[PDB]
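A closer look at the structure
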Amino acid sequence: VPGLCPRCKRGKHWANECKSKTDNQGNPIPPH
Ligand SMILES: [Zn+2]
């Protein structure tokens, strides 16, 4: 029962299953 992805901050999933729509890299999340 993992939530707010421990890699980004715009999803509630896990790294392997993570894809943050912020930039063209991996986790360009501006808040974190
Ligand atoms: Zn994520």
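As summarised from the PDB record, the model derives from solution NMR.

Looking at the zinc ion, the protein donor atoms are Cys5 (SG), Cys8 (SG), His13 (NE2) and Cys18 (SG), and they sit 2.0 to 2.3 Å from it. Here the zinc ion binds 4 donor atoms, and the angle range of 100 to 123° at the metal identifies the geometry as tetrahedral. Spacing between the donor residues of the zinc ion along the chain follows C-x2-C-x4-H-x4-C. The class for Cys8 is buried, based on a relative accessible area of 4%.

With a relative accessible area of 38%, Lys9 lands in the partly exposed category. For the pair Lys9 and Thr22, spaced 13 residues apart in sequence, the C-alpha separation works out to 10 Å. Those residues in contact with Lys9, other than ones at most four positions away along the chain, are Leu4, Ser20, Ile29, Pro31 and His32.

Before going further, it helps to examine the environment of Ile29. On the accessibility criterion, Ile29 (6% relative accessible area) is buried. In this structure, the C-alpha to C-alpha distance between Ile29 and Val1, residues 28 residues apart in sequence, is 22 Å. The residues touching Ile29, leaving out its near neighbours within four places in the chain, are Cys8, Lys9, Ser20 and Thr22.

Here is what the cut-offs are and how they apply
- Residues numbered from 1 in each chain as written, not as in the entry; some residues may be left out.
- Heavy atoms only, no water.
- Donors = N, O, S within 2.8 Å, 3.2 Å for Na, K, Ca; no water.
- Tetrahedral: all angles 85-135°; square planar, octahedral: opposite > 155°, others 65-115°.
- Buried < 20%, exposed > 50% of the residue type's maximum accessible area, 1.4 Å probe, protein only.
- Contact = heavy atoms within 4.5 Å.

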